[PDB]
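A.B. asks: model the following, please.
(chains A, B, C, D, E, F, G and H, ligands or ions: 4)
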Amino acid sequence: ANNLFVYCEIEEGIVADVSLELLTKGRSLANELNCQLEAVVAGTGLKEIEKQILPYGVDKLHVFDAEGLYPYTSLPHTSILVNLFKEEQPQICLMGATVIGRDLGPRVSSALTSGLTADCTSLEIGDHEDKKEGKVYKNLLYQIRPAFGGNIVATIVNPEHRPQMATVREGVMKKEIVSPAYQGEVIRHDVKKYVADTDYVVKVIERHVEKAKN
Amino acid sequence: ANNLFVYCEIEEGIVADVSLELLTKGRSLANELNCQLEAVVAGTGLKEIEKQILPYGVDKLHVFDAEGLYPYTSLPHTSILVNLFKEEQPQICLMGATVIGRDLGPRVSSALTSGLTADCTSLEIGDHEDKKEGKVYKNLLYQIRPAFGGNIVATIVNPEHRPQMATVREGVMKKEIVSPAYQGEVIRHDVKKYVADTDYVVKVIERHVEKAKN
Amino acid sequence: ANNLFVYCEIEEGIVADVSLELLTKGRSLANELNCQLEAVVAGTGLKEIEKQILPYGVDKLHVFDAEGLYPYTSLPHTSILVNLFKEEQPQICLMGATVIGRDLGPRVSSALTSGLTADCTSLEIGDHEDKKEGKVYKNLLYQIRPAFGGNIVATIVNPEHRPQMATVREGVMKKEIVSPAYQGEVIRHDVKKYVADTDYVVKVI
Amino acid sequence: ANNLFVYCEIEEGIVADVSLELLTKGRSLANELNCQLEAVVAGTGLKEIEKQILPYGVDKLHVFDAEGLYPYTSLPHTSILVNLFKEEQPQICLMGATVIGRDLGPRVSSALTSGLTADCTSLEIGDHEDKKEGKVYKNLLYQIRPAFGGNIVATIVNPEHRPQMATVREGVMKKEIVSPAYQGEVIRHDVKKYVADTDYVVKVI
Amino acid sequence: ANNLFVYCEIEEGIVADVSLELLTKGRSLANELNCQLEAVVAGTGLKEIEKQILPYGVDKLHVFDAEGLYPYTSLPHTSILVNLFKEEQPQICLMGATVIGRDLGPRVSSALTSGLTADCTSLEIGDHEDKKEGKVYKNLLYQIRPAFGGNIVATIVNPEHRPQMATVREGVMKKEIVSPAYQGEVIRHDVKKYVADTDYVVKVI
Amino acid sequence: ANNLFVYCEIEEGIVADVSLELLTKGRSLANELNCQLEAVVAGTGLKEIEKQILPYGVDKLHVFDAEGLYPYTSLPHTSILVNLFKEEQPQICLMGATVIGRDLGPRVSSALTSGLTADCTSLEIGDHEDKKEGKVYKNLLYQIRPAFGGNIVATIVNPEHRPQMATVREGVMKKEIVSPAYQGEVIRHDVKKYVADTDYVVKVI
Amino acid sequence: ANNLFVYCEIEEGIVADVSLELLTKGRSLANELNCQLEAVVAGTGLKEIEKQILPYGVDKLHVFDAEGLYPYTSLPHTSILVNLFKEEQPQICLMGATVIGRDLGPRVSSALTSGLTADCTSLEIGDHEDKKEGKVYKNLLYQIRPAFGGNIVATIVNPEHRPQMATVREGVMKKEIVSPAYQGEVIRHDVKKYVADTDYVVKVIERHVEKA
Amino acid sequence: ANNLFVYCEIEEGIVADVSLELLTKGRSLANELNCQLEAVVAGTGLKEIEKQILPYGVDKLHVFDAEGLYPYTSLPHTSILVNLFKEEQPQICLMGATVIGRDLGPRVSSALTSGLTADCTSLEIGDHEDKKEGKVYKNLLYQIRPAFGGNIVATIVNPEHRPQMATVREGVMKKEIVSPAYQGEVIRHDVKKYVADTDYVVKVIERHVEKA
Ligand code: NA
Ligand code: NA
Ligand code: NA
Ligand code: NA
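C.D. replies: Numbers count the residues shown, from 1 in each chain, chains lettered A, B, ... in the order given. Ligands and ions are numbered 1, 2, ... in the order given. Dropping the coordinates below:
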């Protein structure tokens, strides 16, 4: 119903290590939430892409294969996530604290009017009791990292905004498959229906090189 | 109908120089487009704010005054622009290539699925003929700056995506008022209807300091 | 009774080289002092951590393992070393002159009323005769370094204040194990005990 | 009484701008707390230093003046603040988040068992109620700042530990005197007695 | 016939100080050479630019004013100086050793078959006797600088290749006007003529 | 014929990785153009340098070997490429976007009246039709890269100026030999004749 | 017979602000040492250099005027100080902690087998008890500055090695003249007797460009 | 009577790779100069140091073993080289362009009034015609490296000043022994006769902490 998504970053046809680390962590979290683990991958020429991803315990892999999706540019990838997340209503989204993450994260979260904790150092599942309105939020994503000038390790929660989004650096989480034969549904979408066109033209105007008139 | 907006950055109750420079440039451009010059300002305690802004030739100033709008945070300011621009459908938006600009620009443009040229060095009004589909786009914003490793000064256009957005560094454009008595409509909006709530809580979890069990 | 401690810095699960270089130097000094070498580690997931440390000749290894002890943050790691050191009363504490050493060292030495000496180039054991107090101090930690620049070299001692605390840069000291089978007690402390003294509360805005 | 101290950082005889902004900010907090504003300065040749400090509304200025107090070094300045704060028992201490501040703040707060919050963006006075214990803490120093990066902001409090210590960057707070003829006590302390504590001897070997 | 040129660097409408320092040095050299001082400026909105330049003793000022000549970009400014210098045949061209000088200088000197000498510390006029060619070269630009490091100093000359090109760092040469009323011809060139030789086309992807 | 040259940058006797990636990329472009792949290397002690270059599918390797060609200096290396390219009239020249590349690329492209496009992210072969002139330009070097920053990408072409010159950063292109037994001519040029052009004399005064 | 020297750094005919500050401080020190203040200046076109120097209370000004002494280069200035200092046997030499000071100081001290404390922060006169052999050294230059990683303000002394040398950054000491009418012996030295020749030549070897 | 010296830098009992490279290059040069190769080593615990040095073809190895020579500090190592070089009168001295080289080189050259070319890139033997007075200097050390802002590969020579000194970075020359059985005079010098005393003492003055 409301699942956990991981954005899988693609470099030269290969899914990044940090992404696999987050598939692994996503699996653990998904186990605890009793929900599904879904992945998104966007690039060009992704026929046997499931094979780097499904073994990690991915229930549903969303594939956006089109010639202008690689290399990464902000608008295409952003609109894909924003649109997909509008339909799927993920409760959680994780991605690598990479150069792409540092770009894609802020845009997608802003567009979905959601939270984002960057460079999380641990991810747990936990509750939060709001004494003020007297309610208990259950099964929130605990976004854990050093805080306040590195004085303590604090936890951040987004009680209401979805998705709860977080990034993690490479090497923080271990990667580990479930089974090389893990079975998962692969969905190859029509990029047209998800991606947003370019609409920019680079010109060099002639009059910019004509001597200024008196 | 479709006007030119300038986001006015606020620091300690004062509108930034780069913002005034862009009000001035916006005026010139608006003159050429025969459209209105509108401004947006968001902060706290903005009673006599029109007085730093209207003299520059601003037809319509939009004021968002609420206690959590200053200092700047990305989500509030972003949602304000995104929502206001959804109603007003500006053809153009300019803002300062500041720290705030470098944050706000990308979010707002991504959310409106629009263009953005940062650090424009000149702004003109011009046309673009698309030989391919055989059409002529008239009165586009020419976004001019050094390009391709600083080899030449090129012009960028967004033939279809709106708003056409651009940022400019401080000191690039001159500032100059129209008349100290310039008359413009001041609109004080209900922030509630435009701004997006916080929904994040910073915690320090007790169990994070309890010795790990064997 | 009063031993030599070494703070073992941890990154991505691995005890840093400077720390291991100081365990080796510590072992040498401890031998000369006829005392034991103790060590401290704080981190998350340290079930097997003893394996990286004990072979260097550590007689006692104090292990603090909690979710919020990694990565390093100033307040928990400072409480731990201060509370632990008040209990154990070490005569000496060594620490790698790192980004972490540079933050933790002054905090810990200040809380225990001792003057840290950063970036030593030698450490020896020696005596100091203090004619003002009339007495002769035996078995002090000579903390040796250049005064400034590099040619003028001096020896700092703390005749009375404890622990004698110093840092050393990576690669100054040789690292070398004692034996892969080195034996030392490994204590896994209760963490809350050692950090809840800290008065640091977060409120909503 | 339990007053609010501010460390006035010195350079080439001129109290730094950060400190003046903090004497200003301090004054308002002191007004709201109904306590006094005290200030500390340490250096050399400070015959009329009060001229730069008192006008900001300082009720009591503690002056330490010896050859060895300038330029700033870590042990003497830490000794002085620590010993003084042990006697005066301030409820708050403020300090400019500068090179000097980043070295002195941790050393002093650690020796006084306080948790320093660096780079605050706002300071206010407010109440924190500890529900579990059933005790309302009144007139606490709200230490406000981003948790990290910039968008997520919280307030830190220390309900029991004293002094509550914060630092602020130059230019966060505005600076503004009360009156060029503001009057307040100027104590010129005996330095050696505040510094001779530290145990740090230099040997020629 | 064959004069001394100085490239005048422009930022935010203002001729940079290094450029003005080189107009002064140029004026000195030109006087010794018994030739004229000419200068080049490329930018946007240079109606009054002559006012910043002429007083330094410039006999001729070549002005290139177009929207795309500001800020500086490698290809237009290189075409201009190359085409202009082919026409005028300067015996010398000076240029400020700046971020701009460092990009433009090698491009321009390469296109005109001369070896630029960067970062000179002196410039003089002198003779060179070349026994291989049998001849004696008179009135060459001694381009004086350290070989490397700083103690070993040498003099470069280009006996035949023109223009003799050198750069100098800001603050090496004194700047000083000749007279506020200094007179020189100001030519406003047609820009396209001097830049359309460049073959650089942008296409859509 | 009009072939495709690649400058093979040298360090401590080993052709740099960027160049090998460019010999690889060059080979494909040369295949698509149906021209030959040529390469240039300049340094000292290059007796069996062909061993590192030829396997990438180089048809002709020009070798310049003198004491003064290593380490890289600007005038000799620029002379060599410029004179050689004047004789061979290459249609394309590729070079690694490195410290050496950023100094040599502009110098060489300027002397050959070509516009260098630095830091390309892709190279392809394609047609540009000049509508206004009525001429279709065939098999041009598409020099693809971001206009600035990263999201806005265009292709630059030089429809008439030769060589069409581009640089690429290390790691953009993959490197991959054709065969360890790929055969191709290895010319060992007379250096002095390619370098003696430059007019640069050092005087002792 | 053992005086206090100050190296006066020249830039474009003008004695540097740091050098004037040290003339002043030097005056004070020489006053307390009951010795004369001497200064050294080295450059070209120094016909009236004595006018910006003597008023600070300089008893003797050694002037080295030669075409090759400006701009500063290491060997001439080092041999000048070293040679002169061998003849004069200063007890103290002070120098501005500048780009030149950082080069000149170490070269001169190494050649004279003397000490050198850079970036001093105060200078005093003081005594030192060599407790080990019970000897008291009187009236040494206390070279005072922060030490041991910014921990403490320490004092360096050189009981025996001469001269005692110290550099100081600009703006640390005040400058103050004694009187525009202060009188001093101005000695214009024969440069040939103190400086050493260049003896180096930059060459470009032809065969270095010939094919192997 | 005029030989080629090489300073062998020691770290923890081991002669540095750059120093061995220069022993090798030095061997070649001394071969072409028809002179002997000599080396200098300075440290503590050098009982068998000759074993890592002699095989490179070192005819004479001057050993300075003293408790205060390790770690490297400026004055001892400079006085050793300067004093020894005054006795031996080398025509060439070579040194690794290291942290030590960058300190030792300038101090020694300044004190000996010799040249010094840092970061040489090749070393050759060659002649120089002083065209001005028609004299030919034979068999000079060609000190070769990039010059004038990375424009040209130039060659520096010191026709008269001795020794001719040059540093070289590690990895520029190959190292290659002559024979494990190469024989050389190993001289263990009386350190007192070459080194100079410390004479400095770090103090903390009590009144510096007393109220003004
Ligand atoms: Na203690
Ligand atoms: Na307390
Ligand atoms: Na020419
Ligand atoms: Na051509």
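
A.B. asks: would you mind finding the longest strand in chain A?
C.D. replies: Scanning chain A for the strand with the most residues, using DSSP state E, yields strand A:135-147.

A.B. asks: by how many degrees do the helix or strand that that strand is followed by and strand D:153-157 diverge?
C.D. replies: Next along the chain after strand A:135-147, taking DSSP states H and E as the criterion, comes strand A:152-157. Counting by axes from the mean of the first three to the mean of the last three C-alpha atoms, to 10 degrees, strand A:152-157 points 130 degrees away from the direction of strand D:153-157.

A.B. asks: and the next helix or strand after strand A:152-157, how far out from the chain's middle?
C.D. replies: Towards the C-terminus, the helix or strand next in line after strand A:152-157, according to DSSP H and E, is strand A:164-168. Distance, stretch centre to chain centre, for strand A:164-168: 8 Å (C-alpha atoms, centre = their mean, to the nearest Å).

A.B. asks: send the alpha carbons of strand A:164-168 over as CSV?
C.D. replies: C-alpha atoms of strand A:164-168 as CSV (Å, rounded to 0.1, in the frame of the first residue of the first chain):
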residue,chain,number,x,y,z
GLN,A,164,10.2,10.5,4.4
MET,A,165,13.4,10.9,2.5
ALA,A,166,17.0,10.4,3.5
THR,A,167,20.5,10.1,1.9
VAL,A,168,23.4,8.0,3.1
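
A.B. asks: packing partners for that strand?
C.D. replies: helix A:17-33, strand A:92-96, helix A:99-111, strand A:135-147 (3 or more C-beta pairs under 8 Å, 6 or more residues apart in numbering or on different chains; DSSP states H and E). The C-beta positions use only the backbone N, C-alpha and C, and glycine is treated the same way.

A.B. asks: beta partners of the closest residue to chain F within chain A?
C.D. replies: Sorted by distance to chain F under C-beta to the nearest C-beta, the residues of chain A start with residue A:202, at 4.3 Å. Beta-bridge pairing of residue A:202, defined through DSSP bridges, involves residue B:156.

A.B. asks: what about the closest residue in space to residue A:13 that isn't next to it in sequence, neighbour count?
C.D. replies: Closest residue to residue A:13 apart from its sequence neighbours, by C-beta to C-beta, 6 or more residues apart in numbering or on different chains: residue A:45 at 7.1 Å. Using other C-beta atoms under 10 Å in any protein chain shown, residue A:45 has 12 other residues around it.

A.B. asks: on the three-state scheme, residue A:45 is what?
C.D. replies: Secondary structure assignment for residue A:45 (DSSP: H, G, I helix; E, B strand; the rest coil): coil.

A.B. asks: from residue G:161, how far off is it?
C.D. replies: As for residue A:45, its distance to residue G:161 is 76 Å (criterion: C-beta to C-beta, to the nearest Å).

A.B. asks: one more: residue A:91?
C.D. replies: Taking C-beta to C-beta as the criterion, residue A:91 is separated from residue G:161 by 76 Å.

A.B. asks: how about residue A:167?
C.D. replies: According to C-beta to C-beta, residue A:167 and residue G:161 sit 61 Å apart.

A.B. asks: ok, now residue A:19?
C.D. replies: Relative to residue G:161, residue A:19 is positioned 65 Å away (criterion: C-beta to C-beta).

A.B. asks: what does residue A:153 give?
C.D. replies: Using C-beta to C-beta, residue A:153 is found at 55 Å from residue G:161.

A.B. asks: could you do residue A:58 as well?
C.D. replies: From residue A:58 over to residue G:161 (counting by C-beta to C-beta), the distance is 75 Å.

A.B. asks: need the residues of chain A near chain E, please.
C.D. replies: With C-beta under 8 Å from any C-beta of the partner chain as the criterion, chain A meets chain E at residues A:201-212, A:214.

A.B. asks: which one of those is nearest to ligand 2?
C.D. replies: Distance ranking of the residues of chain A next to chain E against ligand 2, using C-beta to the ion, places residue A:202 first at 64.0 Å.

A.B. asks: my guess is the closest one contacts residue F:147. True?
C.D. replies: Yes - using C-beta atoms under 8 Å, residue A:202 is in contact with residue F:147, at 5.3 Å.

A.B. asks: intersection of neighbour lists for the two?
C.D. replies: Here residue A:202 and residue F:147 have B:147, B:154, B:156, F:154 as joint contacts, going by C-beta atoms under 8 Å, 6 or more residues apart in numbering or on different chains.

A.B. asks: which positions in whichever strand or helix holds residue A:85 come out as buried?
C.D. replies: Element membership of residue A:85 [criterion: DSSP H and E] is helix A:74-88. Along helix A:74-88, the positions that meet the burial threshold by neighbour count (16 or more other C-beta atoms under 10 Å in any protein chain shown) are A:74-85, A:88.

A.B. asks: just say helix, strand or coil for residue A:113.
C.D. replies: Looking at residue A:113 with three-state DSSP, the answer is coil.

A.B. asks: now do the contacts for the closest residue to residue A:121 other than its chain neighbours.
C.D. replies: Among residues not flanking residue A:121 along the chain, residue A:145 sits closest, at 4.3 Å (C-beta to C-beta, 6+ apart). For residue A:145, the contacting residues are A:117, A:119, A:120, A:121, A:122, A:153, A:154, A:156, D:148, by C-beta under 8 Å, 6+ apart.

A.B. asks: wait, residue A:30 sits on residue A:3?
C.D. replies: Yes - taking C-beta under 8 Å as the contact criterion, residue A:30 and residue A:3 are neighbours in contact, 7.3 Å apart.

A.B. asks: apart from its neighbours in sequence, what residue is nearest the closest residue to chain G within chain A?
C.D. replies: Distances between chain A and chain G by C-beta to the nearest C-beta are smallest at residue A:149, namely 21.2 Å. By the measure of C-beta to C-beta, 6+ apart, the closest residue to residue A:149 outside its immediate chain neighbours is residue D:118, 4.4 Å from it.

A.B. asks: backbone torsions only: list them for the one you found.
C.D. replies: In terms of degrees, to the nearest 10, the main-chain angles of residue D:118 are phi -80, psi 160.

A.B. asks: quick revisit: elements contacting the helix holding residue A:85?
C.D. replies: Applying 3+ C-beta pairs under 8 Å, 6+ apart, one finds that helix A:74-88 makes contact with strand A:4-8, strand A:37-43, helix A:99-111, helix B:99-111.
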